[PDB]
Ligand SMILES: *[C@@H]1O[C@H](CO)[C@@H](O)[C@H](O)[C@H]1NC(C)=O
Ligand SMILES: *[C@@H]1O[C@H](CO)[C@@H](O)[C@H](O)[C@H]1NC(C)=O
């Protein structure tokens, strides 16, 4: 199907990009129910800038039109044991995000689920867990609680809730 | 997110003697040690496992690597009585309470029947006082007409006395006036290592 | 000099909401993450989560997801912690703490006691613990005052208006099953003093404006 993200304002069709990566925060606390939760990054521009996969377009949560991985999805972090350091996820296959111009951007549900499954598999091996849950943003200012990006001198804010709501065993 | 285990949970050290606190994670070294006194926030003593914060006396040192870590107070002073926490990332240890070790002092045991003023209000409180003892461990048991009581008493212990380093304890047995007036002998039996055998103070209502 | 000044103590009914603040000064507020740590009375330290003052992003411990909300106002350098749907076991001292570059907390707020209770403000009744031959081990006689059924904390106890301090012990309050507190204050004195020296325990309870001066008499 199709996951449609509401954006304000309406991005023109030429602002369609490829998702080349994303940046996540590992949820703290215990639980210890053999599951590890992840949300889009609760950090700021320092977290984004130090992933070194961005490209020319300034964006949050998702990397648009950036560097792609060589073969497999590759995850990195300055310190896996510090839930205050973000986890840079570099994709090997980009996921196109098509802006219609009506006030929403659409991505293929199938392509996104397959990307998440590969991200979960790489996350599962790094934290030695069994279940990986993606949850929406914990909150924050509009540029960071939304997937926000720069295109043609205008700034756009898109709700990313529908992109981070799955469980993977 | 790991679990930090601190041992021991309580540590009694003679003045001038060495105190060692251990902390291990269930998994460089970002371990920090903190000192907490009553009514105050924790105060950072050691960071990076062994680097001492400014203004922190030399007698404090930390060491260890990987998963085992140690805090050492080489010459315990009265001012170092506090609770000490280790911290790695955003997980804290359970705490270690550090107190002065002194010789054994047996408690002096007093019992107080309910005042007549209280009996007019509908309840009756019998109070057992164990004064100026060491160490802290003590067992108080209430007996009413030789029947051991359960679930109707509360205990409170003072902090270690700054002057002579003893503790005091007060236990209160709470009964309704009706229950209190239908029994005769009230007794608290006190067990403490300073006593050759347990001690019973009692009274007959009336 | 770095200072973290927090808001005052609060009493709240079960199920309400508390909003603790913490004003920072002496450093670049948006430059360090701010953490919240709480401590139940007589218990250890429990981490609640962090907030990034630059973006407002947060990361809560899983225990508090759904109940906790951390915010900040950069224009007044103030961080906020709000806990909702309160229970009695949320009674604790709440601390904001500023992380350092060494991943340690070098500056802490002074703490914010949050008491959760159904009790209403009530002043204590104070009853004498009379010296008797059953409180005379010596030599020494024991006497005191039972300060019963008050809310909230604290009460203050002195003896003979500060003229009697040697031999005094005032115990920490216990929380009774009624929601109200009670404590005891005792003093040991020479049994030869009974009959010639008067003993008065002075009890004050600010929240209810209670002041009692109870004379404790032999037998
Ligand atoms: C995604 O990448 C392909 C190949 O590099 C490119 O042809 C396509 O235009 C990109 N998608 C967008 C929306 O620019
Ligand atoms: C991503 O690349 C496409 C194709 O070059 C371009 O049209 C689009 O504007 C780029 N994305 C942004 C956010 O500028």
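Condition check ((1) surrounded by fewer than 24 Cβ atoms within 10 Å (Cβ to Cβ); (2) within 12 Å of chain A (Cβ to nearest Cβ)) across all residues:
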{"site": "C:41", "(1), (2)": "yes, no"}
{"site": "C:71", "(1), (2)": "yes, yes"}
{"site": "C:77", "(1), (2)": "yes, no"}
{"site": "C:84", "(1), (2)": "yes, no"}
{"site": "C:93", "(1), (2)": "yes, no"}
{"site": "C:136", "(1), (2)": "yes, no"}
{"site": "C:144", "(1), (2)": "no, no"}
In the stretch B:1-32, anything buried (at least 19 other Cβ atoms within 10 Å of the Cβ) and within 12 Å of chain C (Cβ to nearest Cβ) is listed as B:1, B:4, B:6, B:31, B:32
Listed by first then second residue, the pairs whose first member lies in the stretch C:54-69 and is facing chain A (nearest Cβ under 7 Å), whose partner is in a helix (DSSP H, G or I), with beta carbons under 6 Å and at least 6 positions apart or on separate chains, are C:54/C:30; C:55/A:144; C:57/A:144
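Return yes when residue A:103 is within 14 Å of chain B (Cβ to nearest Cβ), surrounded by fewer than 16 Cβ atoms within 10 Å (Cβ to Cβ) and more than 16 Å from ligand 2 (Cβ to nearest atom) and no when it is not.
Values: within 14 Å of chain B (Cβ to nearest Cβ): no; surrounded by fewer than 16 Cβ atoms within 10 Å (Cβ to Cβ): yes; more than 16 Å from ligand 2 (Cβ to nearest atom): yes.
Considered against the rule, which asks whether it is within 14 Å of chain B (Cβ to nearest Cβ), surrounded by fewer than 16 Cβ atoms within 10 Å (Cβ to Cβ) and more than 16 Å from ligand 2 (Cβ to nearest atom), residue A:103 comes out as no.
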Report yes if some residue within the stretch C:122-129 is at the interface with another protein chain (Cβ under 7 Å from one of its Cβ atoms), farther than 30 Å from residue C:219 by Cα and in contact with a strand residue (DSSP E or B) (Cβ under 7 Å, 6 or more places away or on another chain); otherwise report no.
no
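Are any residues in the stretch C:116-168 assigned to a loop (DSSP other than H, G, I, E, B) and touching a helix residue (DSSP H, G or I) at 6+ places or on another chain (Cβ under 9 Å), and if so, which ones? Lay out the reasoning, then the answer.
Initial filter on the stretch C:116-168 (assigned to a loop (DSSP other than H, G, I, E, B)): C:117-121, C:123-124, C:130-132, C:138-139, C:152-155, C:163-167.
C:117, C:118, C:121, C:123, C:124, C:152, C:153, C:154, C:155 - these are the residues of the stretch C:116-168 that are assigned to a loop (DSSP other than H, G, I, E, B) and touching a helix residue (DSSP H, G or I) at 6+ places or on another chain (Cβ under 9 Å).
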All but one of (1) surrounded by 21 or more Cβ atoms within 10 Å (Cβ to Cβ); (2) within 16 Å of the chain's Cα centre (by Cα) hold for residue A:55; state the number of the condition that does not hold.
(1)
Looking at the stretch B:91-110, which of its residues are surrounded by fewer than 23 Cβ atoms within 10 Å (Cβ to Cβ), over 16 Å from the mean Cα position of the chain (by Cα) and over 30 Å from residue C:102 (Cα atoms)?
B:103, B:106, B:108
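I'd like to know if the stretch A:45-57 contains one or more residues that are more than 12 Å from ligand 2 (Cβ to nearest atom), on the phi > 0 side of the Ramachandran plot, out of contact with any helix residue (DSSP H, G or I) (no Cβ under 7 Å at 6 or more places or on another chain) and away from every other protein chain (no Cβ under 14 Å).
Applying the first criterion (more than 12 Å from ligand 2 (Cβ to nearest atom)) to the stretch A:45-57 yields A:45-53.
With the extra rule that they be on the phi > 0 side of the Ramachandran plot, the set shrinks to A:52.
Now restrict to residues that are out of contact with any helix residue (DSSP H, G or I) (no Cβ under 7 Å at 6 or more places or on another chain): A:52.
The next check asks that each one be away from every other protein chain (no Cβ under 14 Å); those that pass are A:52.
Yes, because at least one residue in the stretch A:45-57 is more than 12 Å from ligand 2 (Cβ to nearest atom), on the phi > 0 side of the Ramachandran plot, out of contact with any helix residue (DSSP H, G or I) (no Cβ under 7 Å at 6 or more places or on another chain) and away from every other protein chain (no Cβ under 14 Å).
Restricting to strands (runs of 3 or more DSSP E) lying wholly in the stretch A:10-77: which have 3 or more residues that are under 25 Å from residue A:109 (Cβ atoms) and within 16 Å of ligand 1 (Cβ to nearest atom)?
Details: elements: A:17-26, A:35-40, A:62-64, A:74-77.
The strands (runs of 3 or more DSSP E) meeting that bar are A:17-26, A:62-64.
Assess whether residue A:87 counts as being surrounded by 16 or more Cβ atoms within 10 Å (Cβ to Cβ) and within 20 Å of residue C:55 (Cβ to Cβ).
Working: surrounded by 16 or more Cβ atoms within 10 Å (Cβ to Cβ): yes; within 20 Å of residue C:55 (Cβ to Cβ): yes.
When the stated conditions are applied, residue A:87 passes them.
Assigned to a strand (DSSP E or B) and within 22 Å of residue C:136 (Cβ to Cβ) - does that describe any residue in the stretch B:115-125? Explain how you work it out, then say what you get.
Here is the first cut: in the stretch B:115-125, the residues assigned to a strand (DSSP E or B) are B:123-125.
Narrowing further to those that are within 22 Å of residue C:136 (Cβ to Cβ): B:125.
The answer is yes; a qualifying residue exists.
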Does the stretch A:1-9 contain any residue that is away from every other protein chain (no Cβ under 14 Å), in contact with a strand residue (DSSP E or B) (Cβ under 6 Å, 6 or more places away or on another chain), within 16 Å of ligand 2 (Cβ to nearest atom) and farther than 19 Å from residue A:162 by Cβ?
no
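Tell me, please, whether a residue that is more than 14 Å from chain C (Cβ to nearest Cβ), in a strand (DSSP E or B) and surrounded by fewer than 21 Cβ atoms within 10 Å (Cβ to Cβ) can be found in the stretch B:76-90. Step through it out loud before you land on a result.
Step one: filter the stretch B:76-90 for residues more than 14 Å from chain C (Cβ to nearest Cβ), giving B:76-81.
Retained after the next criterion (residues that are in a strand (DSSP E or B)): none.
No, there is no match, as no residue in the stretch B:76-90 is more than 14 Å from chain C (Cβ to nearest Cβ), in a strand (DSSP E or B) and surrounded by fewer than 21 Cβ atoms within 10 Å (Cβ to Cβ).
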The number of residues in the stretch A:144-165 that are in a helix (DSSP H, G or I), closer than 19 Å to residue A:55 by Cα and either within 16 Å of ligand 1 (Cβ to nearest atom) or in contact with a strand residue (DSSP E or B) (Cβ under 7 Å, 6 or more places away or on another chain) (or both) is 0
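With ideal geometry, Cβ positions are generated from the backbone for all residues, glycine too; neighbour counts draw on all protein chains shown. Just so you know, all these numbers are worked out from the coordinates, no wet-lab data involved.
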